[PDB]
Amino acid sequence: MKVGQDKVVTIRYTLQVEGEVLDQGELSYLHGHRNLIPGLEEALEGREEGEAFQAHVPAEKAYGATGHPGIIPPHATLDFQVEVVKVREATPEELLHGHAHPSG
Ligand SMILES: C=CC[C@@H]1/C=C(\C)C[C@H](C)C[C@H](OC)[C@H]2O[C@@](O)(C(=O)C(=O)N3CCCC[C@H]3C(=O)O[C@H](/C(C)=C/[C@@H]3CC[C@@H](O)[C@H](OC)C3)[C@H](C)[C@@H](O)CC1=O)[C@H](C)C[C@@H]2OC
Ligand SMILES: [Cl-]
Ligand SMILES: [Zn+2]
Ligand SMILES: [Zn+2]
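Definitions and limits used
- Residues numbered from 1 in each chain as written, not as in the entry; some residues may be left out.
- Chains lettered and ligands numbered in written order.
- Heavy atoms only, no water.
- Pairing = 2+ DSSP bridges.
- Helix = DSSP H or I, 4+ residues; strand = E, 2+ residues; numbered from the N terminus.
- Axes fitted to C-alpha atoms, helices over the stretch in contact; angles between N-to-C directions.
- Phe/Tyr/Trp six-rings, centres within 6.5 Å; stacked < 30°, edge-to-face > 60°.
- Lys NZ or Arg CZ within 6 Å of the ring centre and 35° of its normal.
- Near = heavy atom within 4 Å.
- Polar contact = N/O pair within 3.5 Å; in protein donor to acceptor, adjacent residues only side chain to side chain.
- Areas by Shrake-Rupley, 256 points an atom, 1.4 Å probe, with all protein chains shown as cover.
- Nonpolar A, V, L, I, M, F, W, Y, C, P; charged D, E, K, R; others polar.
- Buried < 20%, exposed > 50% of the residue type's maximum accessible area, 1.4 Å probe, protein only.
- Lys, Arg positive; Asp, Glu negative; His and termini not counted.
- Salt bridge = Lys/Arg side-chain N within 4 Å of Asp/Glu carboxyl O.
- Contact = heavy atoms within 4.5 Å.
- Donors = N, O, S within 2.8 Å, 3.2 Å for Na, K, Ca; no water.

- For this coordinate set, the PDB header names X-ray crystallography as the determination method and states a resolution of 1.929 Å.

## Description of the sheet that holds strand β2 (residues 20-30)
In any sheet, the strands associate via hydrogen bonds between backbone groups, in a parallel or an antiparallel arrangement.
Thinking step 1. One open sheet accounts for four strands, arranged β2-β1-β4-β3; its pairing is antiparallel. Each end of this open sheet is capped by a strand with a single partner; those strands are β2 and β3 (52-57). Averaged over all neighbouring strand pairs, the angle between strand axes comes to 25 degrees, with direction disregarded.

## Comments concerning the packing of aromatic side chains
Thinking step 1. Here the structure, examined in full by the defined rule, presents zero aromatic pairs.
Thinking step 2. Residue placement shows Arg 47 over the ring face of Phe 53; its charged tip is 3.8 Å from the ring centre.

## Here's the deal with the site of ligand 1
Thinking step 1. If you check the shell around ligand 1, you find 13 residues, and the closest are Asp 23, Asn 35, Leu 36, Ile 37 and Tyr 63.
Thinking step 2. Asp 23 has a polar side-chain atom sitting 2.8 Å from an oxygen atom of ligand 1.
Thinking step 3. At 2.6 Å, a side-chain N or O of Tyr 63 approaches an oxygen atom of ligand 1.
Thinking step 4. Computed on the free molecule, ligand 1 has an accessible area of 940 Å², of which 51% lies beneath the protein chains in the complex.
Thinking step 5. Sorting the residues of the shell around ligand 1 by element identifies β1 (7-17) and β2 as the ones contributing at least two each.
Thinking step 6. When its residues are assigned to classes, the shell around ligand 1 shows eleven nonpolar, one polar and one charged.

## Some remarks on the side chain of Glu 41
Thinking step 1. Structurally, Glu 41 can be placed in helix α1 (residues 38-44).
Thinking step 2. In this structure, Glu 41 is buried with no salt-bridge partner, the nearest side chain bearing the opposite charge being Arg 34 at 8.3 Å.
Thinking step 3. A polar atom in the side chain of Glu 41 sits 3.1 Å from the backbone nitrogen of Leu 36.
Thinking step 4. Ignoring anything within four residues of it in the chain, the contact list for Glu 41 reads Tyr 29, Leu 30, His 31, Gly 32, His 33, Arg 34, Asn 35 and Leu 36.

## Topic: the coordination of the zinc ion (ligand 4)
Thinking step 1. The coordination sphere of the zinc ion (ligand 4) contains the protein donors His 97 (ND1), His 99 (NE2) and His 101 (NE2), at a distance range of 2.0 Å.
Thinking step 2. Read N to C, the donor residues that coordinate the zinc ion (ligand 4) are spaced as H-x1-H-x1-H.
Thinking step 3. Taking relative accessible area as the criterion, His 99 reaches 35% and is therefore assigned partly exposed.

Take a look at the structure:
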């Protein structure tokens, strides 16, 4: 099923800024509830389970002028390599809380 509003989505990601890897990992989030930076949620819209893609997110849709000191510099364009690992419906409590819960 496709990534979209009220889906719980699991992604693997690599983050680069100016060709340097800053982070890599995996996470699950509830889509459409401001869990992620808006630029990456936009790029995730309608993606299929199993789909791999790249997203280049301008600072205005990420960490902006401030960045995130210690990780993301000011005015950084974020280059993401993403794999959509899993997509499922959110449970009632996930929807109430506005976040993802583990499955086990
Ligand atoms: C206690 C809470 C910690 C909780 C941490 C986790 C679940 C672990 C999760 C793997 C995050 C990583 O931890 C190793 C690490 O991922 C980064 O390195 C990174 O690659 C990144 O940019 N990602 C992660 C991959 C999805 C896109 C983006 C994101 O949207 O991330 C989201 C994010 C930071 C959004 C902010 C929220 C504040 C807004 O103001 C700001 O708006 C400008 C946008 C993350 C997922 C939050 O939803 C949840 C958290 O924060 C950040 C550079 C710093 C972040 O560590 C903190
Ligand atoms: Cl979440
Ligand atoms: Zn919702
Ligand atoms: Zn909860």
